[PDB]
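Reading through the structure tokens given below for one structure.
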Amino acid sequence: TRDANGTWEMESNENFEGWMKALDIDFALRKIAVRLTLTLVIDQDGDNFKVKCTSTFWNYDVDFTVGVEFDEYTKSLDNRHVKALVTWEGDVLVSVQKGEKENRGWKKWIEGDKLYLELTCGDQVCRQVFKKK
Ligand SMILES: *C/C=C/c1ccc2c(c1)C(C)(C)c1cc(N(CC)CC)ccc1-2
Numbered sequence: 002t003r004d005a006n007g008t009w010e011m012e013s014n015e016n017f018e019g020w021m022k023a024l025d026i027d028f029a030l031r032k033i034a035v036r037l038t039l040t041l042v043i044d045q046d047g048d049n050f051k052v053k054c055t056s057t058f059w060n061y062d063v064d065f066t067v068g069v070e071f072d073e074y075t076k077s078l079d080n081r082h083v084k085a086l087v088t089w090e091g092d093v094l095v096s097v098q099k100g101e102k103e104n105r106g107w108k109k110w111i112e113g114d115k116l117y118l119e120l121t122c123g124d125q126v127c128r129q130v131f132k133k134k
């Protein structure tokens with residue numbers, strides 16, 4: 002339940018639009034984002050993670066070390082400066098992004114070959130499920 006390595010293909014994605022709207026993403030761009038196939042590629046070695054989300058028009062790449070706060074600029078998303086921190090809460094991988102938005106971050110539950118991802122911003126939660134390819 003703690004190994005997130007691999008290429009992860011989307012199976013479900015609920016309230017993607019509400020989460021993007023909470024981040025203030027342009028309405029026009031949200032309507033395209035909702036159509037795009039998203040692939041999550043994770044390289045995990047000890048505390049070190051390299052995460053890459055890919056689609057036809059936008060990528061989102063982040064590298065981090067568990068337990069080490071990092072300055073982050075969401076240049077390809079909402080373009081904000083946040084102080085990010087990723088930690089283990091049991092077998093749940095938890096990101097908090099401190100900044101303008103409240104309740105901002107994500108949580109990842111790895112259950113064998115399924116990855117459950119909950120992205121939060123403000124009062125919005127988007128729930129995604131991926132399957133390991
Ligand atoms: C463990 C997963 C964390 C994480 C961080 C950022 C993003 C994601 C996952 C994705 C794959 C859900 C994602 C998608 C997008 N785009 C839509 C607006 C497509 C590139 C941005 C950021 C993240």
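Numbering (the UniProt record's numbering), first residue to last: 2 to 134.
For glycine and all other residues, C-beta sits at the position ideal for the given N, C-alpha and C.
Return the bridge partner residues of residue i from the DSSP annotation.
i          : result
residue 60 : 55
residue 8  : 42
Let me know if residue i comes out buried or exposed under the rule of 16 or more other beta-carbons within 10 Å of its beta-carbon.
i           : result
residue 131 : buried
residue 88  : exposed
residue 37  : exposed
residue 105 : buried
Looking at the structure shown, is residue i part of a helix, part of a strand, or coil, going by DSSP?
i           : result
residue 106 : strand
residue 115 : strand
residue 37  : coil
residue 30  : helix
residue 18  : helix
Pop quiz: residue i and residue j are said to be a contact at Cβ under 8 Å. What is the actual Cβ separation, rounded to whole angstroms?
i           : j          : result
residue 135 : residue 58 : Any answer about residue 135 is impossible in this case: the structure gives the chain only from 2 up to 134.
residue 10  : residue 40 : 6 Å
residue 64  : residue 51 : 5 Å
Less than 8 Å separating the beta-carbons of residue i and residue j?
i           : j           : result
residue 109 : residue 99  : no
residue 6   : residue 129 : no
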